[PDB]
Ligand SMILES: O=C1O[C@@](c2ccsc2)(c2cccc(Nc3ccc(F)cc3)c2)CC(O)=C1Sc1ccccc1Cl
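Only one chain is shown below, in structure tokens, and it's the form deposited without the ligand.
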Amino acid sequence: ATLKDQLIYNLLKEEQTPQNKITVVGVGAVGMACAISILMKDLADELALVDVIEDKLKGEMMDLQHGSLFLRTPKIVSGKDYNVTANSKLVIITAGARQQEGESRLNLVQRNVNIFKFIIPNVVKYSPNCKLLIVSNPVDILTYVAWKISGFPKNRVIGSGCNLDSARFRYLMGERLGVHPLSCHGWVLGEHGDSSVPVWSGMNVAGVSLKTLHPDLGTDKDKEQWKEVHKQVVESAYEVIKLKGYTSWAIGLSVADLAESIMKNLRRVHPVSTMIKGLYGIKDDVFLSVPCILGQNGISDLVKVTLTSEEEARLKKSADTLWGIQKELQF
């Protein structure tokens, strides 16, 4: 008899179906930063990685496995076949196309559509009850594409949206005020990028509205120039790409924060992109980031934030530009 059998007596062997599996699609810097964050928060009893480049996929999987002694996620698997993703609670997408020189906004989205047209049906094939977390940019439009292709209900298709932008907001706010970002509250909503909206009314510390104590806040007369905080938020990623070539660590922690709320059914309020037909005068099928309650079933509730008219108009305007592209795609 073999050493294993001499040492161990087996009671029963037939086993499986992981109870808390997460898949990351795409193992670029963003995907791997999500992977390492998820692993170190103990969110999953199985992590699956899939990407098109087979060697790097196997490489990144082997590197993670070599660190199992220091982890509590007993099964890490990889492959380009999406069969490795079967029975995932959460599937995080982070894959797609980078912008070519002088390319239209449209048609870039379309190349990305053509990618999701392979990724998304394979995901649904193997985890039909999963929740989908779209991180690939342009995240608002691509979350729509994944919803259209998957046929999932609107609550189980989530985009990372302004979740990291709001994190950055609060970091920069805490730097001005000398307070930890956990105690600086403030929301960046809407379309992810140049045209996000900073909701100055809700910017507080300990419930003290900063707009009340400083009514010029977020305007032009603002001698303290508080609108620069929101400018710094939308320039953040480019500032970091300029310096290290790409962002990864911050997006990876906010995705894990979002994974936490989903996998542990916390019902925490996050600014993520969800379908907001029926709200703020939006009548098209578009996703924008509003504060959502995330949990075991994705987005089960929305917070109806009171916007000004200038805020309300800026949202309807991004809604229109997104549908303008989205109506011009084809699937």
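One rule holds for the numbers: they count along the sequence shown, beginning at 1.
The same protein has a further form, the form deposited with the ligand bound, not shown here; the description that follows concerns it.
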{"item": "Pose source in the deposited complex; superposed partner the ligand; site open or blocked by backbone or C-beta within 2.4 Å", "value": "blocked"}
{"item": "The ligand contact at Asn129 in the deposited complex, heavy atom, 4.5 Å", "value": "no"}
{"item": "Any non-hydrogen atom of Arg98 within 4.5 angstroms of the ligand in the deposited complex", "value": "yes"}
{"item": "Interface membership of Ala237, the ligand in the deposited complex, 4.5 Å heavy atom rule", "value": "yes"}
{"item": "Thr247: touches the ligand in the deposited complex, heavy atom cutoff 4.5 angstroms", "value": "yes"}
{"item": "Of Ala259, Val145, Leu189, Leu164, the one that lies within 4.5 Å of the ligand in the deposited complex (heavy atoms)", "value": "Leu164"}
{"item": "Joint contact, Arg156, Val290 and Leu302 to the ligand in the deposited complex, by non-hydrogen atom at 4.5 Å", "value": "no"}
{"item": "The ligand in the deposited complex - contacting residues of 170-203, heavy atom within 4.5 Å", "value": "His192, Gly193, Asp194"}
